[PDB]
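Heads up: the structure comes next, in structure tokens.
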Amino acid sequence: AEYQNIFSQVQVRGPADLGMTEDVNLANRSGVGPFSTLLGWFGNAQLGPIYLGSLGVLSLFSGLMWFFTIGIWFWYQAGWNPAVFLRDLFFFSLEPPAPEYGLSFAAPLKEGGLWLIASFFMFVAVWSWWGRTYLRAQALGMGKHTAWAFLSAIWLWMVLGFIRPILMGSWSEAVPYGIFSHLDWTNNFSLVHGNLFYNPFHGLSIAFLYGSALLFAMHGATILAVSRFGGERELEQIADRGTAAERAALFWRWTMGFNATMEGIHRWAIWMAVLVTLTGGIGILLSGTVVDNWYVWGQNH
Amino acid sequence: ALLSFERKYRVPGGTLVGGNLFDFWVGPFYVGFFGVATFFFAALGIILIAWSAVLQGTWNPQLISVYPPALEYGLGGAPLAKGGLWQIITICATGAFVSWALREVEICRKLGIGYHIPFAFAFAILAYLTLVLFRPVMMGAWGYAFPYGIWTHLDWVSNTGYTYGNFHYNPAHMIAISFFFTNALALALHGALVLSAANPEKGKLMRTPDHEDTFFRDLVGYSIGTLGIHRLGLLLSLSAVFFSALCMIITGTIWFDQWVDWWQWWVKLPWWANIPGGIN
Amino acid sequence: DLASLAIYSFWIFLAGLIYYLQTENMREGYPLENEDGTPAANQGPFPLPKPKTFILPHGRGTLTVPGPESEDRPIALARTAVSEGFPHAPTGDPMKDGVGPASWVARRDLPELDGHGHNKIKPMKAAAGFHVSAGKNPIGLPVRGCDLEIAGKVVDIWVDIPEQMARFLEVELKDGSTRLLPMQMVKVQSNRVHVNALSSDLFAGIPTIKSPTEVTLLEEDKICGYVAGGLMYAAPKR
Ligand code: BCL
Ligand code: BCL
Ligand code: BCL
Ligand code: BCL
Ligand SMILES: CC[C@H]1c2cc3[nH]c4c(c3C)C(=O)[C@H](C(=O)OC)c4c3nc(cc4[nH]c(cc(n2)[C@@H]1C)c(C(C)=O)c4C)[C@@H](C)[C@@H]3CCC(=O)OC/C=C(\C)CCC[C@H](C)CCC[C@H](C)CCCC(C)C
Ligand SMILES: CC[C@H]1c2cc3[nH]c4c(c3C)C(=O)[C@H](C(=O)OC)c4c3nc(cc4[nH]c(cc(n2)[C@@H]1C)c(C(C)=O)c4C)[C@@H](C)[C@@H]3CCC(=O)OC/C=C(\C)CCC[C@H](C)CCC[C@H](C)CCCC(C)C
Ligand SMILES: COC(C)(C)C/C=C/C(C)=C/C=C/C(C)=C/C=C/C(C)=C\C=C\C=C(C)\C=C\C=C(/C)CC/C=C(\C)CCC=C(C)C
Ligand SMILES: [Fe+3]
């Protein structure tokens with residue numbers, strides 16, 4: 001058998017890479033963590049360094065508060081018994097306030113207040129982390145793509161628990177923090193709105209989700225098939241096209257009639273995925289606020 | 001008809017069957033024995049779908065729908081109008097998919113690249129064959145397979161899912177959904193990365209793979225590497241499909257009850273099975 | 001209703017995105033040409049995009065695409081039929097002439113630079129702090145060809161510094177001269193290194209580099225292209 005380049009045959013290690021500097025505040029960067037021989041066979045072996053910063057910490061803190069706040073509640077339902085906790089870990093749940101309380105923060109802790117507490121922490125955690133992925137790129141002088149593509153995910157997240165519950169009149173329409181319970185919520189959201197398979201955005205969402213999985217398979221497999229010509233070095237293959245990007249382009253032209261460029265394929269990649277939560281966000285926002293049943297709508301449009 | 005850098009690549013050879021007989025192109029499309037093979041299987045199949053359109057009495061795409069034999073026919077053949085067409089079309093679809101794959105192989109041999117593409121395609125080929133071939137044959141009737149209709153096949157999904165309650169509970173389905181969601185997050189990133197590098201703020205210079213690796217170490221404390229993210233992408237994908245095919249081969253064969261009840265094996269563990277409190 | 005307005009506005013948006021994406025992918029290769037090299041009559045529905053300029057780091061100038069397309073090299077091929085679409089045959093040694101699976105591109109004759117302007121790929125003997133930290137160490141192992149005959153030995157591993165990764169194996173030949181084999185085309189085994197693409201007698205053919213401490217984009221392409229063409233062209237010996 002020939003070599004497939006899935007796992008490296010020989011690892012090589014040198015001095016820990018402190019990374020580029022540019023306008024980064026080197027006082028916030030931690031110290032290079034260890035080297036993993038494990039991860040080495042697959043990707044880079046170097047863990048760290050990581051950049052902390054004020055925003056990094058605010059987020060990381062909110063993040064644990066959100067995680068602990070839920071857990072305090074799970075232990076509560078487990079009667080502080082370690083065996084129960086482990087046994088029903090999947091069934092516990094932090095439900096939102098009841099319908100009565102509407103959009104107020106008045107609800108008692110034991111019936112949705114604790115949910116509001118948590119969500120607050122999660123609301124801070126997320127956005128702050130967004131800010132972070134924007135500032136880190138600015139420090140390095142790179143484009144804001146990662147920050148923008150992250151917004152797309154924030155979009156759906158925002159609709160599901162904030163935007164939609166506000167437009168409905170109650171925090172009771174948001175998602176509960178629980179493994180099995182948030183699955184149950186999903187199933188209900190479909191039934192109540194007349195089967196989401198009739199929602200055209202949901203239909204499109206699935207298109208891209210499947211598409212993203214098609215595309216990476218394609219892109220991945222491709223770059224590995226011409227790695228033997230230095231394909232993974234995309235950026236320099238952008239500025240100076242090599243035999244790698246040509247054969248790559250030609251395999252797909254000959255196959256399905258058309259192809260991409262070493263820079264273009266990424267523009268496809270970035271959108272294909274971004275649209276998943278883009279269309280999905282819309283689809284969920286128009287559910288219950290404008291369209292009560294997607295089957296009925298599906299009959300008249 | 002050619003790309004500015006194409007000619008030098010259009011050389012003879014590489015075919016698996018038929019030497020130089022079909023070794024030629026038509027516009028951008030490369031042909032090859034298998035180029036032909038799928039045209040045959042594709043057209044014949046289309047014809048049959050069109051013929052099953054007249055037997056149903058409609059030409060609307062959103063209504064056409066080729067259904068399989070009824071559970072009464074077992075794994076035998078059936079009359080064209082009552083599942084016999086679906087069975088031949090299925091033979092034709094598989095003939096096209098397979099051929100297409102093999103066609104990509106001959107295109108690789110000519111370009112001297114690796115067989116990663118047609119290898120990754122074989123994974124979708126597998127998913128499909130699980131639904132229309134392996135699951136039915138193990139259950140005992142072509143009827144458990146899905147119909148070829150734009151919406152009718154969505155129903156099949158919806159009906160097949162709710163047969164076992166909330167399908168969400170199938171454990172392999174949960175594993176497969178993870179890989180899908182991940183694989184998208186991943187593709188979203190890898191594409192934004194390579195672009196935020198080649199397209200830096202206005203005026204500045206193209207960044208280097210060094211700034212990429214940097215950028216992520218600062219963000220999450222780790223960078224898989226340009227050869228790694230492409231291995232990962234290829235892996236999150238094929239896996240999400242592997243687990244998907246798996247989550248269905250076990251549904252209706254080794255397990256046919258509500259999926260949500262399968263989770264009792266965990267809660268009914270001697271150690272805590274009786275301890276009071278909690279949810280159970 | 002609002003929903004109907006939403007989905008339509010979307011399919012409109014989606015068609016403009018498909019338009020945008022497709023043209024972006026036409027920066028290279030276009031405009032198309034006939035087999036004779038002259039511009040083709042039909043270029044498709046999509047137009048060429050407006051030129052964009054990349055300012056390459058380390059004062060290496062700029063790149064504008066789309067731009068004037070030229071192979072900047074000779075193509076030793078000839079037509080095999082009187083009409084379009086048929087294979088073009090190599091008039092010489094496909095391997096030596098650089099055609100088909102052995103094709104290479106005339107990339108800049110400069111080596112790729114890391115973030116700080118230092119050569120990306122260096123032999124390991126001149127790479128400070130780098131060593132083999134896992135797996136078998138190829139260095140010192142005899143290299144075999146697809147014909148099961150020994151063609152040389154490994155005398156060093158060329159590495160990619162910024163990404164810490166093995167990219168080439170410097171091999172010494174019977175005549176004391178070295179060549180580079182792409183890591184990706186060799187199978188490092190316990191007691192040897194097997195190269196399936198080429199046969200013994202073809203190793204001497206592999207294009208050589210001008211400096212002994214660096215490889216230039218061009219040179220990489222020639223080497224990789226040569227080793228890969230062996231797959232199809234060596235075959236009579238493999
Ligand atoms: C995976 C589990 C279910 C299933 C569940 C769903 C669900 C759930 C949804 C779909 C949806 C779709 N499914 Mg499905 N689907 C299944 C199996 C198949 C098979 C097959 C050969 O087995 C095919 C061809 C399809 C095809 C399709 C698309 C028509 C549509 C999604 C767009 C998309 O982006 O797709 C991903 C692929 C790409 C982006 C690549 C481009 C491929 C194009 C889109 C193919 C068009 C085919 C055309 C309509 C059929 C032509 C046949 C002629 C004879 C040539 N499905 C299995 C049985 N499918 C979505 C929809 O909107 O439905 C109404 C949707 O919500
Ligand atoms: C029985 C129930 C219904 C149904 C009900 C729903 C409902 C209800 C919804 C979906 C949604 C989706 N459905 Mg559905 N769906 C059904 C059947 C299907 C089938 C199928 C083959 O049958 C398929 C392929 C899909 C596919 C999909 C996706 C396209 C889409 C979600 C995209 C996504 O990535 O979200 C995941 C992405 C996010 C949640 C993004 C936000 C993430 C945030 C920003 C990150 C937080 C991080 C946290 C703080 C950090 C954790 C990490 C730490 C290290 C611990 N559905 C059935 C018919 N589906 C969603 C949608 O958008 O629909 C339009 C949705 O609301
Ligand atoms: C889009 C429609 C629905 C929805 C539908 C589903 C469905 C359907 C499924 C999930 C599943 C999952 N969902 Mg969800 N989910 C929604 C919204 C969320 C919200 C937040 C919205 O803002 C979050 C964070 C989650 C998070 C999660 C994960 C805990 C879990 C998937 C693993 C994964 O690969 O994640 C992607 C994220 C990463 C790869 C990065 C971070 C890694 C995470 C933290 C790993 C979690 C591991 C888990 C705790 C393992 C336990 C096993 C131990 C042996 C005990 N969902 C919306 C409302 N979700 C799957 C599951 O298995 O559930 C039980 C599943 O089948
Ligand atoms: C209400 C129904 C149930 C449910 C019931 C089912 C059922 C039933 C099935 C799935 C399956 C899947 N479900 Mg579900 N599912 C539910 C809810 C969800 C949710 C959610 C957030 O709620 C999510 C994310 C998912 C996600 C998923 C996917 C992991 C998986 C389908 C992908 C796949 O197999 O592709 C694989 C890809 C293929 C099969 C296609 C193969 C394509 C072929 C090779 C090529 C075709 C080419 C074409 C003809 C060419 C056209 C050419 C023209 C020129 C264009 N489900 C609900 C709870 N789900 C399916 C699965 O696991 O399948 C194995 C499945 O059978
Ligand atoms: C097309 C949209 C797709 C997408 C894109 C996407 N996601 C993104 C991005 C993008 C483009 C980012 O840039 C951002 C990122 O940073 O990626 C590396 C991110 C991100 N996507 C995430 C999740 C995510 N994305 C999802 C989906 C998707 N993301 C879509 C498929 C999902 C699903 C499928 O539900 C999830 C769960 C986050 C991991 C990450 C953003 C991180 C964030 O918001 O963090 C706030 C911080 C916390 C909550 C910290 C606490 C975490 C745990 C509760 C505690 C345990 C861990 C902790 C490290 C322990 C510390 C212990 C101490 C002792 C030290
Ligand atoms: C890891 C697996 C992932 C993957 C990979 C993948 N797909 C691939 C490849 C790869 C690596 C290709 O090389 C190949 C390609 O050429 O892509 C451009 C392809 C491809 N993936 C395709 C589709 C596809 N992939 C999907 C999924 C996936 N593909 C996975 C996510 C899906 C989903 C999500 O359902 C679809 C629809 C094709 C566009 C393309 C292969 C094209 C091909 O084989 O064409 C010739 C075939 C015909 C002309 C067949 C017609 C056959 C019959 C005569 C009629 C139709 C019968 C059918 C049953 C009708 C169904 C109708 C539906 C409404 C139900
Ligand atoms: C081992 O034990 C310890 C003690 C260490 C802790 C263990 C913790 C455990 C076991 C935690 C388990 C938690 C789990 C499994 C949580 C799962 C959550 C899931 C599956 C889904 C979440 C869905 C939530 C989304 C939809 C939430 C969106 C929230 C928002 C958009 C923000 C909402 C904003 C509000 C209410 C207003 C706040 C105020 C303003 C206006 C700024
Ligand atoms: Fe890439």
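Ligands are numbered from 1 in the order shown, chains are lettered A, B, ... in the order of the structure tokens, and residues start at 1 in each chain.
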Taking only C-alpha atoms and all ligand atoms into account, which residues are within 6 Å of ligand 5, as a PyMOL selection string?
(chain A and resi 59-60+63-64+67+125-126+129+146-147+149-150+152-153+273-274+276-277) or (chain B and resi 181+184-185+188-189)
Mind writing the picked residues with N, CA and C atoms as an mmCIF file, in the first residue's frame?
data_model
loop_
_atom_site.group_PDB
_atom_site.id
_atom_site.type_symbol
_atom_site.label_atom_id
_atom_site.label_comp_id
_atom_site.auth_asym_id
_atom_site.auth_seq_id
_atom_site.Cartn_x
_atom_site.Cartn_y
_atom_site.Cartn_z
ATOM 1 N N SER A 59 -15.203 36.447 30.112
ATOM 2 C CA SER A 59 -15.911 35.363 29.445
ATOM 3 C C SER A 59 -15.724 34.059 30.219
ATOM 4 N N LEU A 60 -14.485 33.585 30.271
ATOM 5 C CA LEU A 60 -14.162 32.344 30.966
ATOM 6 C C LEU A 60 -14.801 32.259 32.363
ATOM 7 N N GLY A 63 -18.679 32.029 31.869
ATOM 8 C CA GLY A 63 -18.847 30.674 31.376
ATOM 9 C C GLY A 63 -18.948 29.599 32.437
ATOM 10 N N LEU A 64 -18.115 29.699 33.468
ATOM 11 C CA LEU A 64 -18.132 28.719 34.543
ATOM 12 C C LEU A 64 -19.313 29.003 35.461
ATOM 13 N N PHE A 67 -22.207 27.394 33.888
ATOM 14 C CA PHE A 67 -22.058 25.949 34.066
ATOM 15 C C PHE A 67 -22.296 25.500 35.512
ATOM 16 N N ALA A 125 -21.032 35.462 28.708
ATOM 17 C CA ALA A 125 -20.031 34.522 28.223
ATOM 18 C C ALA A 125 -19.887 34.549 26.702
ATOM 19 N N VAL A 126 -20.988 34.286 26.006
ATOM 20 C CA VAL A 126 -20.973 34.270 24.552
ATOM 21 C C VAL A 126 -20.467 35.564 23.929
ATOM 22 N N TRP A 129 -17.031 36.523 24.328
ATOM 23 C CA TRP A 129 -16.181 35.646 23.544
ATOM 24 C C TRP A 129 -16.191 36.074 22.077
ATOM 25 N N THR A 146 -13.621 35.242 10.786
ATOM 26 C CA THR A 146 -13.982 34.387 11.912
ATOM 27 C C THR A 146 -15.019 35.040 12.825
ATOM 28 N N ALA A 147 -14.876 36.335 13.064
ATOM 29 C CA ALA A 147 -15.822 37.034 13.920
ATOM 30 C C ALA A 147 -17.205 37.078 13.270
ATOM 31 N N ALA A 149 -18.439 35.040 10.841
ATOM 32 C CA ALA A 149 -19.031 33.709 10.726
ATOM 33 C C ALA A 149 -19.578 33.212 12.062
ATOM 34 N N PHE A 150 -19.006 33.715 13.153
ATOM 35 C CA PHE A 150 -19.398 33.340 14.508
ATOM 36 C C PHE A 150 -20.715 34.019 14.825
ATOM 37 N N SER A 152 -23.175 34.433 12.832
ATOM 38 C CA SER A 152 -24.182 33.559 12.231
ATOM 39 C C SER A 152 -24.649 32.514 13.246
ATOM 40 N N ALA A 153 -23.712 31.935 13.984
ATOM 41 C CA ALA A 153 -24.076 30.951 14.990
ATOM 42 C C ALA A 153 -24.773 31.684 16.136
ATOM 43 N N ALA A 273 -21.449 26.741 5.141
ATOM 44 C CA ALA A 273 -21.690 26.535 6.569
ATOM 45 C C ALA A 273 -22.446 27.679 7.226
ATOM 46 N N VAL A 274 -21.993 28.910 7.029
ATOM 47 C CA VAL A 274 -22.653 30.075 7.611
ATOM 48 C C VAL A 274 -24.175 30.102 7.385
ATOM 49 N N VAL A 276 -26.203 27.666 7.176
ATOM 50 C CA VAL A 276 -26.919 26.692 7.981
ATOM 51 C C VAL A 276 -27.658 27.391 9.118
ATOM 52 N N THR A 277 -26.944 28.145 9.939
ATOM 53 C CA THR A 277 -27.603 28.823 11.036
ATOM 54 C C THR A 277 -28.212 30.138 10.606
ATOM 55 N N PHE B 181 -22.830 18.657 13.298
ATOM 56 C CA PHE B 181 -22.737 19.995 13.868
ATOM 57 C C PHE B 181 -21.295 20.483 13.968
ATOM 58 N N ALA B 184 -19.550 21.303 10.630
ATOM 59 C CA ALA B 184 -19.990 22.570 10.059
ATOM 60 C C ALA B 184 -19.258 23.704 10.773
ATOM 61 N N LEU B 185 -19.202 23.625 12.097
ATOM 62 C CA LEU B 185 -18.487 24.622 12.877
ATOM 63 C C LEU B 185 -17.063 24.690 12.292
ATOM 64 N N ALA B 188 -16.799 26.154 8.862
ATOM 65 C CA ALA B 188 -17.032 27.589 9.010
ATOM 66 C C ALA B 188 -15.745 28.283 9.394
ATOM 67 N N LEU B 189 -14.985 27.656 10.285
ATOM 68 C CA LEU B 189 -13.737 28.229 10.759
ATOM 69 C C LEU B 189 -12.602 28.177 9.755
#
Chain C residues near chain B (6 Å cut-off, only C-alpha atoms) as an NGL selection string
:C and (29 or 32-34 or 55-57 or 85-89 or 99-101 or 115)
Residues just named, written with N, CA, C and O atoms as a PDB file, in the first residue's frame:
ATOM      1  N   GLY C  29      -6.973  30.616 -14.630  1.00  0.00           N
ATOM      2  CA  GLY C  29      -7.360  29.685 -15.673  1.00  0.00           C
ATOM      3  C   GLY C  29      -8.100  30.337 -16.809  1.00  0.00           C
ATOM      4  O   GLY C  29      -8.033  29.876 -17.950  1.00  0.00           O
ATOM      5  N   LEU C  32     -10.762  30.935 -21.010  1.00  0.00           N
ATOM      6  CA  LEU C  32     -10.528  29.615 -21.571  1.00  0.00           C
ATOM      7  C   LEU C  32      -9.858  29.773 -22.922  1.00  0.00           C
ATOM      8  O   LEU C  32      -9.817  30.872 -23.466  1.00  0.00           O
ATOM      9  N   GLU C  33      -9.346  28.670 -23.463  1.00  0.00           N
ATOM     10  CA  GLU C  33      -8.680  28.665 -24.768  1.00  0.00           C
ATOM     11  C   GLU C  33      -9.013  27.380 -25.522  1.00  0.00           C
ATOM     12  O   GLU C  33      -9.547  26.432 -24.941  1.00  0.00           O
ATOM     13  N   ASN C  34      -8.694  27.351 -26.812  1.00  0.00           N
ATOM     14  CA  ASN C  34      -8.917  26.166 -27.626  1.00  0.00           C
ATOM     15  C   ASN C  34      -7.657  25.348 -27.455  1.00  0.00           C
ATOM     16  O   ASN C  34      -6.711  25.815 -26.821  1.00  0.00           O
ATOM     17  N   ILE C  55      -0.669  42.008  -1.809  1.00  0.00           N
ATOM     18  CA  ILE C  55       0.633  42.615  -1.537  1.00  0.00           C
ATOM     19  C   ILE C  55       1.349  41.556  -0.704  1.00  0.00           C
ATOM     20  O   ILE C  55       1.097  41.408   0.493  1.00  0.00           O
ATOM     21  N   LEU C  56       2.211  40.789  -1.369  1.00  0.00           N
ATOM     22  CA  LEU C  56       2.957  39.729  -0.716  1.00  0.00           C
ATOM     23  C   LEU C  56       3.938  40.299   0.294  1.00  0.00           C
ATOM     24  O   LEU C  56       4.583  41.319   0.054  1.00  0.00           O
ATOM     25  N   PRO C  57       4.074  39.630   1.441  1.00  0.00           N
ATOM     26  CA  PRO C  57       4.977  40.059   2.501  1.00  0.00           C
ATOM     27  C   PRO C  57       6.441  39.884   2.124  1.00  0.00           C
ATOM     28  O   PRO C  57       6.772  39.230   1.133  1.00  0.00           O
ATOM     29  N   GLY C  85     -10.921  17.494 -27.940  1.00  0.00           N
ATOM     30  CA  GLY C  85     -11.199  16.525 -26.900  1.00  0.00           C
ATOM     31  C   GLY C  85     -10.361  15.275 -26.774  1.00  0.00           C
ATOM     32  O   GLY C  85     -10.608  14.474 -25.871  1.00  0.00           O
ATOM     33  N   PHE C  86      -9.383  15.078 -27.639  1.00  0.00           N
ATOM     34  CA  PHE C  86      -8.603  13.870 -27.495  1.00  0.00           C
ATOM     35  C   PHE C  86      -7.261  14.076 -26.818  1.00  0.00           C
ATOM     36  O   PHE C  86      -6.704  15.187 -26.799  1.00  0.00           O
ATOM     37  N   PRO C  87      -6.735  12.999 -26.219  1.00  0.00           N
ATOM     38  CA  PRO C  87      -5.451  13.060 -25.528  1.00  0.00           C
ATOM     39  C   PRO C  87      -4.382  13.673 -26.429  1.00  0.00           C
ATOM     40  O   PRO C  87      -4.512  13.681 -27.651  1.00  0.00           O
ATOM     41  N   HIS C  88      -3.333  14.203 -25.810  1.00  0.00           N
ATOM     42  CA  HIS C  88      -2.210  14.791 -26.531  1.00  0.00           C
ATOM     43  C   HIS C  88      -1.061  13.906 -26.089  1.00  0.00           C
ATOM     44  O   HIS C  88      -0.911  13.640 -24.895  1.00  0.00           O
ATOM     45  N   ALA C  89      -0.278  13.416 -27.037  1.00  0.00           N
ATOM     46  CA  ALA C  89       0.816  12.520 -26.693  1.00  0.00           C
ATOM     47  C   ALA C  89       2.132  13.236 -26.434  1.00  0.00           C
ATOM     48  O   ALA C  89       2.396  14.307 -26.991  1.00  0.00           O
ATOM     49  N   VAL C  99       5.414  16.499 -18.417  1.00  0.00           N
ATOM     50  CA  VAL C  99       4.026  16.531 -18.881  1.00  0.00           C
ATOM     51  C   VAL C  99       3.159  15.471 -18.203  1.00  0.00           C
ATOM     52  O   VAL C  99       3.659  14.586 -17.504  1.00  0.00           O
ATOM     53  N   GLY C 100       1.851  15.565 -18.409  1.00  0.00           N
ATOM     54  CA  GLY C 100       0.947  14.612 -17.790  1.00  0.00           C
ATOM     55  C   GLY C 100       1.091  14.583 -16.278  1.00  0.00           C
ATOM     56  O   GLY C 100       1.263  15.634 -15.660  1.00  0.00           O
ATOM     57  N   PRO C 101       1.036  13.392 -15.650  1.00  0.00           N
ATOM     58  CA  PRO C 101       1.165  13.283 -14.193  1.00  0.00           C
ATOM     59  C   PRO C 101       2.523  13.777 -13.683  1.00  0.00           C
ATOM     60  O   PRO C 101       2.725  13.905 -12.477  1.00  0.00           O
ATOM     61  N   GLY C 115       6.815  33.526   8.871  1.00  0.00           N
ATOM     62  CA  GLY C 115       6.367  34.816   9.348  1.00  0.00           C
ATOM     63  C   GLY C 115       7.433  35.876   9.490  1.00  0.00           C
ATOM     64  O   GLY C 115       7.174  37.051   9.230  1.00  0.00           O
TER      65      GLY C 115
END
Restrict the distance test to only C-alpha atoms, flag each residue of chain A within 7 Å of chain B, and return the flagged residues as a ChimeraX atom specification.
/A:6,19-20,42-44,47-51,77-79,83-84,87-88,91-92,133,136-137,140-146,149,183,209,212-213,216-218,220-226,232,235,247,251,253-257,266-267,269-270,273-274
Please, what distance in Å, to one decimal, runs between atom CA of residue B:246 and atom CA of residue B:130?
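Taking atom CA of residue B:246 as the start and atom CA of residue B:130 as the end point, the length is 8.5 Å.
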Residue A:159: which residues within 8 Å, counting only C-alpha atoms, same-chain residues fewer than 5 positions away excluded, as a ChimeraX atom specification?
/A:164-165,281,284-285
Output file for the selection above: C-alpha atoms, as a PDB file, in the first residue's frame:
ATOM      1  CA  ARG A 164     -38.185  34.620  19.904  1.00  0.00           C
ATOM      2  CA  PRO A 165     -39.178  34.463  23.586  1.00  0.00           C
ATOM      3  CA  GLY A 281     -32.355  31.368  12.446  1.00  0.00           C
ATOM      4  CA  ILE A 284     -37.267  29.547  13.894  1.00  0.00           C
ATOM      5  CA  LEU A 285     -37.989  33.263  14.250  1.00  0.00           C
TER       6      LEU A 285
END
Exercise answer, chain C residues close to chain A, 8 Å and only C-alpha atoms, as number ranges by chain:
C: 1-4, 7, 21-22, 24-28, 54, 56, 63, 103-108, 112, 115, 128-137, 159, 161-166, 182-188, 196, 220-221, 224-225, 228
Keeping only C-alpha atoms, write those residues as a CSV table (one decimal), in the first residue's frame.
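Now in selection_31.csv:
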chain,number,residue,atom,x,y,z
C,1,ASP,CA,-47.3,37.4,4.0
C,2,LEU,CA,-44.1,38.1,5.8
C,3,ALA,CA,-43.0,34.5,5.4
C,4,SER,CA,-43.6,34.5,1.7
C,7,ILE,CA,-38.2,33.1,1.4
C,21,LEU,CA,-18.8,32.9,-5.7
C,22,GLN,CA,-18.6,31.6,-9.3
C,24,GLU,CA,-14.4,34.7,-7.7
C,25,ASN,CA,-13.4,31.2,-8.8
C,26,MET,CA,-12.6,32.5,-12.3
C,27,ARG,CA,-9.5,34.5,-11.3
C,28,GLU,CA,-7.2,31.7,-12.5
C,54,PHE,CA,-2.3,40.9,-3.2
C,56,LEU,CA,3.0,39.7,-0.7
C,63,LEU,CA,0.1,39.6,-7.6
C,103,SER,CA,3.7,18.2,-14.9
C,104,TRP,CA,5.2,21.0,-12.9
C,105,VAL,CA,4.5,24.7,-12.8
C,106,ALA,CA,6.8,27.6,-13.3
C,107,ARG,CA,6.4,29.0,-9.8
C,108,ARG,CA,8.9,31.7,-8.6
C,112,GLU,CA,8.9,30.0,0.7
C,115,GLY,CA,6.4,34.8,9.3
C,128,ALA,CA,18.4,24.5,15.6
C,129,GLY,CA,16.6,22.5,18.3
C,130,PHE,CA,14.8,20.1,15.9
C,131,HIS,CA,15.0,16.3,16.3
C,132,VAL,CA,12.9,13.2,15.7
C,133,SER,CA,10.5,13.0,18.6
C,134,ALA,CA,8.3,10.1,17.6
C,135,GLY,CA,8.1,7.2,15.2
C,136,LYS,CA,11.0,5.6,13.4
C,137,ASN,CA,13.9,7.9,12.3
C,159,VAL,CA,11.7,20.1,7.8
C,161,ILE,CA,10.0,25.0,10.7
C,162,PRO,CA,6.8,27.1,11.5
C,163,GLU,CA,4.7,24.0,11.4
C,164,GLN,CA,7.3,21.5,12.7
C,165,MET,CA,6.6,18.8,10.0
C,166,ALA,CA,8.6,16.5,7.9
C,182,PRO,CA,8.5,14.3,-0.9
C,183,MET,CA,7.7,12.8,2.5
C,184,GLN,CA,4.2,12.1,1.1
C,185,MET,CA,5.5,9.6,-1.5
C,186,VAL,CA,7.6,7.4,0.8
C,187,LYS,CA,6.8,4.6,3.2
C,188,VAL,CA,9.2,4.6,6.2
C,196,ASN,CA,6.7,2.9,-5.0
C,220,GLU,CA,9.8,21.8,-5.2
C,221,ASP,CA,7.2,21.6,-8.0
C,224,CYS,CA,7.2,16.5,-6.7
C,225,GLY,CA,5.9,16.5,-10.2
C,228,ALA,CA,4.5,11.5,-9.1
For residue A:117, work out the shell of residues within 9 Å, counting only C-alpha atoms and skipping chain neighbours fewer than 6 positions away, then give it as a PyMOL selection string.
chain A and resi 66+69+109
Could you give me the residues within stretch 14-261 of chain B that DSSP places in strand (DSSP E or B), as a ChimeraX atom specification?
/B:25-26,29-30,66,148,222,251,255
Store the residues of this selection in a file with C-alpha atoms, as a PDB file, in the first residue's frame.
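Output file selection_35.pdb follows:
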ATOM      1  CA  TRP B  25     -13.162  14.488 -23.227  1.00  0.00           C
ATOM      2  CA  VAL B  26     -16.415  16.208 -24.185  1.00  0.00           C
ATOM      3  CA  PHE B  29     -16.163  16.462 -18.866  1.00  0.00           C
ATOM      4  CA  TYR B  30     -13.741  13.546 -18.982  1.00  0.00           C
ATOM      5  CA  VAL B  66     -41.769   6.007  -6.829  1.00  0.00           C
ATOM      6  CA  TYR B 148     -38.105   8.400  -4.303  1.00  0.00           C
ATOM      7  CA  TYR B 222      -4.133  25.312  20.131  1.00  0.00           C
ATOM      8  CA  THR B 251     -32.840   0.395  14.211  1.00  0.00           C
ATOM      9  CA  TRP B 255     -33.621  -3.012  18.541  1.00  0.00           C
TER      10      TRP B 255
END
Please indicate the distance in Å from atom CA of residue A:206 to atom 31 (C, counted along the ligand's line) of ligand 7, rounded to one decimal place.
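Here the two named atoms are 22.0 Å from each other.
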At most 9 Å from ligand 7 (only C-alpha atoms and all ligand atoms): residue list as a PyMOL selection string
chain A and resi 64+66-75+85+89-90+92-94+96+103+105+115-124+126+154-163+165+171+174-183
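For the pair atom CA of residue A:132 and atom 43 (C, counted along the ligand's line) of ligand 2, the interatomic distance is 14.9 Å.
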